[PDB]
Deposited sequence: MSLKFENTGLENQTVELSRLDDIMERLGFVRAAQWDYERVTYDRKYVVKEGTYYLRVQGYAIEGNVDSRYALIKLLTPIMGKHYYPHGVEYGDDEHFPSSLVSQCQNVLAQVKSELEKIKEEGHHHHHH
């Protein structure tokens, strides 16, 4: 339920193949692949209490999810939390790390924006 506002990600669109390359490079794997409207990427931070995951998601505004060419509009990134083995408190260090990763997501998208 933690969100990251003001990353700039929601303000520009990107081709899916170009998004995919960027995400894999930055440690994300595809997630929630049952959804045909949205593409989802998770970067996992496993800890003693379980798994935190930085989730970046976008919808196909043009084309579709199963196509090489699809135009993706990104939504507000979130950090999810899963407890294993069994009001959420989010660790400030992990918040800072996720902020850093999102900054490089944004920087990589800015580098190809005009092409």
property: Deposited sequence positions missing from the model - stretches, numbered from 1, in order; result: 1, 88-93, 123-129
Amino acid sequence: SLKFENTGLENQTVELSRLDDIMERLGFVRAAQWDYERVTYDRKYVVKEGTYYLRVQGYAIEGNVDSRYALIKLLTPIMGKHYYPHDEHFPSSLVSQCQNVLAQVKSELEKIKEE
From here on, numbers count along this sequence of modelled residues.
item: Segment of higher mean CA temperature factor, 27-35 or 65-73; value: 65-73
item: Mean C-alpha B-factor comparison - 5-13 and 97-105, higher one; value: 5-13
item: CA B-factor placement of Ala60, once the chain's modelled residues are sorted into thirds; value: highest
item: Ranked C-alpha temperature factor of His89 among modelled chain residues, by third; value: highest
